[PDB]
Amino acid sequence: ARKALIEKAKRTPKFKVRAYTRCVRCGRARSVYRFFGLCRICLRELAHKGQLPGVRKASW
Amino acid sequence: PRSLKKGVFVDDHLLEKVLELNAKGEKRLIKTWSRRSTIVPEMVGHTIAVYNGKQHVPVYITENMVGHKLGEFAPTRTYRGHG
Amino acid sequence: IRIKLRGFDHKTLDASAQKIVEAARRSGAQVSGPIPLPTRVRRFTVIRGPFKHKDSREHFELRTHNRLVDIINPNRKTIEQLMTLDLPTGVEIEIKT
Amino acid sequence: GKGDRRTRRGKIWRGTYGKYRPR
Amino acid sequence: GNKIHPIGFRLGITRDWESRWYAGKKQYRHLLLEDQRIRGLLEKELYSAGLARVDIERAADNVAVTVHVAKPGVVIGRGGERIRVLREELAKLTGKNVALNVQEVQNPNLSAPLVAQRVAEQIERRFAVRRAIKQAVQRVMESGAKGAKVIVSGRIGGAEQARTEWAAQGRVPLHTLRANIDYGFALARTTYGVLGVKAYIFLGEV
RNA sequence: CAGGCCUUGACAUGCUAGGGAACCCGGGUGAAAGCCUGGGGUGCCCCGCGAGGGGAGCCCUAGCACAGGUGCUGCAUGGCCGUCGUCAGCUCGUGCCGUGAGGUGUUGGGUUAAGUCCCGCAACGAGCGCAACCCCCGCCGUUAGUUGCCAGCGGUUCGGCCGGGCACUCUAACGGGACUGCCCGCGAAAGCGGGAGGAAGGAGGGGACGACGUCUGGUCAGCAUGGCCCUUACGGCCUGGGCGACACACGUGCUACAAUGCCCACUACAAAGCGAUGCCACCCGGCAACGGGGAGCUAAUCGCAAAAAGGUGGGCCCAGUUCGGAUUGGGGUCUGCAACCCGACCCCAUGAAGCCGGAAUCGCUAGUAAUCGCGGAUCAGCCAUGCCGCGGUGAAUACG
Ligand SMILES: [Mg+2]
Ligand SMILES: [Mg+2]
Ligand SMILES: [Mg+2]
Ligand SMILES: [Mg+2]
Ligand SMILES: [Mg+2]
Ligand SMILES: [Mg+2]
Ligand SMILES: [Mg+2]
Ligand SMILES: [Mg+2]
Ligand SMILES: [Mg+2]
Ligand SMILES: [Mg+2]
Ligand SMILES: [Mg+2]
Ligand SMILES: [Mg+2]
Ligand SMILES: [Mg+2]
Ligand SMILES: [Mg+2]
Ligand SMILES: [Mg+2]
Ligand SMILES: [Mg+2]
Ligand SMILES: [Mg+2]
Ligand SMILES: [Mg+2]
Ligand SMILES: [Mg+2]
Ligand SMILES: [Mg+2]
Ligand SMILES: [Mg+2]
Ligand SMILES: [Mg+2]
Ligand SMILES: [Mg+2]
Ligand SMILES: [Mg+2]
Ligand SMILES: [Mg+2]
Ligand SMILES: [Mg+2]
Ligand SMILES: [Mg+2]
Ligand SMILES: [Mg+2]
Ligand SMILES: [Mg+2]
Ligand SMILES: [Mg+2]
Ligand SMILES: [Mg+2]
Ligand SMILES: [Zn+2]
């Protein structure tokens, strides 16, 4: 139950509380960041490839 | 609980059942899934079969169980004991 | 008239601010220098591995640098000349008054 | 202590307000 | 888990971002999704052209897109017969104005993605793996690079037990930040599974 | 999981045929999905004032190629991660020794956090690691002075509010500064001890960074992928339930067992963050949660925001207590279509165990431990006492 779940989440529900976020890259439903729309795994992958503008490794 | 500025909630599909009964031969056996529906004083006297997730449990309503919800009278877990 | 310019990369933003300051003196209007505003830093922390290794993490940060430029006098000749400038695509501007 | 909702310390611990911790 | 991504480690020091634009909290994710869509579409379009790098650049409702390929003619075609076409669909895939640029790579031997892609293509052709790694590393070293490394992981030669074979020459200082190291990755989908190919090319220190 | 439902399917290309759809508001039954349903409209290219017929964005019915599977295998795999271990190592070219596996180099002496460096040597050199190159903190300088700040000046409704200034603090870019650099001693040398100066002294403090390899290590449920398996069901939709069970056992935490304390009132002092179906000033009503008006702020401008420990004053007087706040009864607020199973918060009442914990076991060497509060991600709401960060107060000890 992966493709159907992704499409159903992409669909409008009868109630507004039944809408939940999913990762726009791999379809994950857990740990999805609002700022990027991506899950933590995809976020790390894309950040290591320089494809996230202004995003850099943090160290202080 | 629910706020008194809002009314007490009934699903309006079971309320229609009891209301239509009250003027058309008011005693039968209704099966419902609305465990969240609140019992109403009009519902007193009816036997309602409430889903527990597996089966419909018949509940006969009385006066001292008016403000509760239907789901509180259909237990959902069977325990017995350990051993 | 106040121009606020923001960007992810500070080098190109600084170059744009210096370009604005230098060009604004072609028809001098008592130019007010490009001042820096507090950088806004957004942090994200992720589990390093795809599964179960909570104690290992990686930190990422995204920073927004902000600079401000003011011209005391309008300088319409220098104002209409500011329409078509050399703006790096990473620099987002906003003019106001 | 911090586990008592009817004190300033307990409301501070829960991060709420009321009669005992007014705003 | 052992090694950090060579490019991610040096972002803002030696390497530069592949996408360069500014967006606020309201527009960042939609532009990012559009960028991923564009890159994914172009990846399966110019594969035979030798697609190394795709750069997305946005000013205001207009996006640049500059691609770097081994053979620009494979992207442009006869009088641009393909160059225009790949642009038009892109607009129909973005709803904006696009300025697709084509750039030639001076040395295909010095671009780690191209080396990795070539090695993966050879592996898919049921070629020998160890010979391929040796030959690719020697080819890179023959073009003035100060060092090179190629690593292949998987069921090398269809074997039932996965192995890792790597070759190296010169210098590959992965712990040096001033070192300009280009990293490339490729996948080989053989009938017996997927093999991973990694390429490191060292081009001196800035 | 139970029940009710669908069949080329909730998603993708293609071959047909019958309609030609395309897009939009209503009818019965049902818990909903669904089933049976009642009223209008396709551009574009056509013969064209013609009945109309043709190719076309696109849709449905009946067939197919097929889609779909969080179904199995991490003992077929990629990618990523944990671990030995930020440990001081692991190797290579040529030469030389050995029948050979192999050795030497890389062993010995001194030194270092370090295969760090020096000396000696059948070795002479090199690579991956160490270190350095990058970030934050600590001192200073240049560029600047708004929404930042207010030393001097003049006003003032007493707030930098104003004029004004960039002195100072600060903000953020660029630089300098620390390198055994100097003096004394020790030693072939590397280096070790002492001192001056300096904000900083011997790696200045903290991050980022993890060698060849090991563990048949973890992940087919994040993704990808070989093989195997299902195909009006192991696919798909809905409602309800379960993941929240409970004779017990264990791990990680929170709150305490009190007077170096608890309660009440007044009164100080931060940092880093977040905010447009948002943050919400202020005023009104309720003891309150909160509700009703309603500014300012797309935010160095407005808000969250009260910091708490602290300081001052008073009360409690050694008690299961004005310690402790579990459990339960009742009245409410808010979010959500809906708080029964199974949310959070306010008020009233209830006021359990607990008097410092057996064998045993854990963390920590300095702005550390301990202790106090604050923010953020996810998020309608929240079961967060978790996690990632931030600052306030601030020890003891290391003989060996
Ligand atoms: Mg299923
Ligand atoms: Mg939600
Ligand atoms: Mg989600
Ligand atoms: Mg394994
Ligand atoms: Mg693996
Ligand atoms: Mg070892
Ligand atoms: Mg040898
Ligand atoms: Mg011999
Ligand atoms: Mg050794
Ligand atoms: Mg040896
Ligand atoms: Mg070390
Ligand atoms: Mg060395
Ligand atoms: Mg290092
Ligand atoms: Mg100054
Ligand atoms: Mg195993
Ligand atoms: Mg397992
Ligand atoms: Mg899978
Ligand atoms: Mg599989
Ligand atoms: Mg659970
Ligand atoms: Mg329970
Ligand atoms: Mg544990
Ligand atoms: Mg415990
Ligand atoms: Mg607690
Ligand atoms: Mg008491
Ligand atoms: Mg008490
Ligand atoms: Mg509930
Ligand atoms: Mg007792
Ligand atoms: Mg006592
Ligand atoms: Mg133990
Ligand atoms: Mg220590
Ligand atoms: Mg806890
Ligand atoms: Zn993802």
Side-chain angles (χ1 to χ4, degrees), chain A residues 1-4 6-8 15 17 23 25-28 30-34 39 41-42 44-45 57-60, chain B residues 1-4 9 11 13-14 32-36 51-55 68-73 75-77 79 81-83, chain C residues 2 10 14 32-39 43-45 48-57 65 67-68 70, chain D residues 1-5 7-8 12 14 16-19 22-23, chain E residues 1-4 9-10 13 153-155 160-162 168 170-179 187 189-196 205:
Chain A
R2 162 88 300 134
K3 261 281 284 281
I6 285 159
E7 308 286 14
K8 192 152 86 195
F15 322 111
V17 277
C23 175
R25 201 162 167 266
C26 75
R28 222 175 183 267
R30 286 186 195 267
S31 310
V32 179
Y33 282 95
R34 287 188 191 193
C39 78
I41 310 176
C42 292
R44 187 171 177 254
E45 283 161 17
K57 253 164 85 63
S59 97
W60 70 105
Chain B
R2 192 168 188 86
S3 63
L4 301 162
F9 175 84
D11 220 346
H13 77 254
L14 159 83
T32 185
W33 288 255
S34 213
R35 316 173 32 105
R36 81 220 198 160
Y51 211 48
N52 65 10
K54 210 228 310 219
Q55 217 165 351
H68 297 103
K69 312 257 181 317
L70 287 130
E72 338 182 343
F73 299 100
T76 30
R77 288 182 204 100
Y79 167 48
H82 286 119
Chain C
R2 199 182 289 289
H10 83 80
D14 275 336
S32 154
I35 59 202
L37 298 181
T39 317
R43 279 224 323 259
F44 327 82
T45 302
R48 248 178 224 267
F51 174 82
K52 95 172 168 134
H53 291 306
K54 181 75 160 283
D55 285 327
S56 194
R57 318 276 197 108
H65 311 277
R67 309 276 191 280
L68 197 58
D70 252 355
Chain D
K2 291 183 231 207
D4 204 10
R5 306 190 222 85
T7 36
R8 201 193 37 128
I12 288 177
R14 312 241 146 221
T16 68
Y17 302 93
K19 190 230 298 303
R23 59 223 280 190
Chain E
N2 262 332
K3 274 142 190 104
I4 191 75
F9 192 34
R10 298 160 172 86
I13 311 181
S153 312
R155 298 176 63 171
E160 304 209 329
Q161 165 101 339
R171 283 175 76 225
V172 200
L174 292 178
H175 283 243
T176 301
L177 295 148
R178 57 157 95 95
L187 226 62
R189 281 152 263 243
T190 78
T191 33
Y192 54 79
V194 284
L195 265 73
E205 310 152 323

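Proteins get letters first, then strands, A, B, ... in listed order; numbering begins at 1 in each. Basis for what follows: all heavy atoms, side chains included, without hydrogens, waters or symmetry-related copies.
- As judged by a 4.0 angstrom heavy-atom cut-off over every strand, D:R23 is placed among residues touching the sugar-phosphate backbone only.
- Shown here are the side chain to side chain donor-acceptor pair (under 3.5 Å) partners of C:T45, two or more places apart in sequence or in another chain: C:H59.
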Output one line per pair: protein atom, nucleotide atom from nucleotides 307-310 of chain F, and distance, for all N/O pairs under 3.5 Å.
unit_1, atom_1, unit_2, atom_2, d
F:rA308, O3', D:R9, NH2, 3.0
F:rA308, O2', D:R9, NH1, 3.1
F:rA309, OP1, D:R8, NH2, 3.2
F:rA309, OP1, D:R9, NH2, 2.8

Show me the protein contacts with nucleotides 345-349 of chain F, counting only N or O atoms at under 3.5 Å.
unit_1, atom_1, unit_2, atom_2, d
F:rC345, OP1, D:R14, NH1, 3.3
F:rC346, OP1, D:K11, NZ, 2.8
F:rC346, OP1, D:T16, OG1, 2.7
F:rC347, OP1, D:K19, N, 3.3
F:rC347, OP2, D:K11, NZ, 3.3
F:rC348, OP1, D:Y20, OH, 2.9
F:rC348, OP2, D:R6, NE, 3.4
F:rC348, OP2, D:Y20, OH, 3.0
F:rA349, OP2, D:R6, NH1, 3.4
F:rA349, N7, D:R6, NH2, 3.2

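- Considering only residues two or more places apart in sequence or on other chains, B:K69 meets the side chain to side chain donor-acceptor pair (under 3.5 Å) condition with none of them.
- For the salt bridge (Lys or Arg N to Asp or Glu O under 4.0 Å) test, no residue two or more places apart in sequence or in another chain qualifies with E:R178.
- Within 4.0 Å of D:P22, counting heavy atoms only, lies no atom of the nucleic acid at all.
- Along RNA chain F, the nucleotide nearest C:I35 and the nucleotide nearest E:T191 are compared for position; the residue whose nucleotide lies closer to the 5' end is C:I35.
- Listed by chain and residue number, nothing satisfies the salt bridge (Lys or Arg N to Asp or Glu O under 4.0 Å) test with A:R28 (two or more places apart in sequence, or in another chain).
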Between the protein and nucleotides 132-134 of chain F, which nitrogen or oxygen pairs are less than 3.5 angstrom apart?
unit_1, atom_1, unit_2, atom_2, d
F:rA132, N6, E:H175, O, 3.0
F:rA132, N1, E:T176, OG1, 3.0
F:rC133, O4', E:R178, NH2, 3.4
F:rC133, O2, E:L177, N, 2.8
F:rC133, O2, E:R178, N, 2.9
F:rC133, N3, E:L177, N, 3.1
F:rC133, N4, E:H175, O, 3.3

Contacts under 3.5 Å, N or O only, protein and nucleotides 242-244 of chain F:
unit_1, atom_1, unit_2, atom_2, d
F:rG242, OP1, B:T76, OG1, 3.3
F:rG242, OP1, B:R77, NH2, 3.4
F:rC243, OP2, B:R77, NH2, 2.9
F:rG244, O2', B:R77, NH2, 3.0

Sub-3.5 Å pairs of nitrogen or oxygen atoms, protein against nucleotides 66-69 of chain F:
unit_1, atom_1, unit_2, atom_2, d
F:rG68, OP1, A:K3, NZ, 3.4
F:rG69, OP1, A:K3, N, 3.0
F:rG69, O3', A:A1, N, 3.4

Return the polar atom pairs (N/O with N/O) between nucleotides 249-258 of chain F and the protein under 3.5 Å, or none.
unit_1, atom_1, unit_2, atom_2, d
F:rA256, OP1, D:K2, N, 3.1

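- Within 3.5 Å, a donor on the side chain of B:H82 pairs with an acceptor on the base of F:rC246, or the reverse.
- Looking at heavy-atom distances under 4.0 Å, B:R2 makes contact with a base.
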>> How would you summarise protein contacts on nucleotides 75-83 of chain F per nucleotide, using B for base, S for sugar-phosphate only and - for none, with heavy-atom distances below 4.0 Å?
In response: -BBSBBBBB
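- By the Watson-Crick or G-U wobble test, with both distances required under 3.5 Å, F:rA384 and F:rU225 do not count as a base pair.
- For D:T7, the side chain to side chain contact (heavy atoms under 4.5 Å, CB included) criterion is met by D:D4, not counting sequence neighbours.
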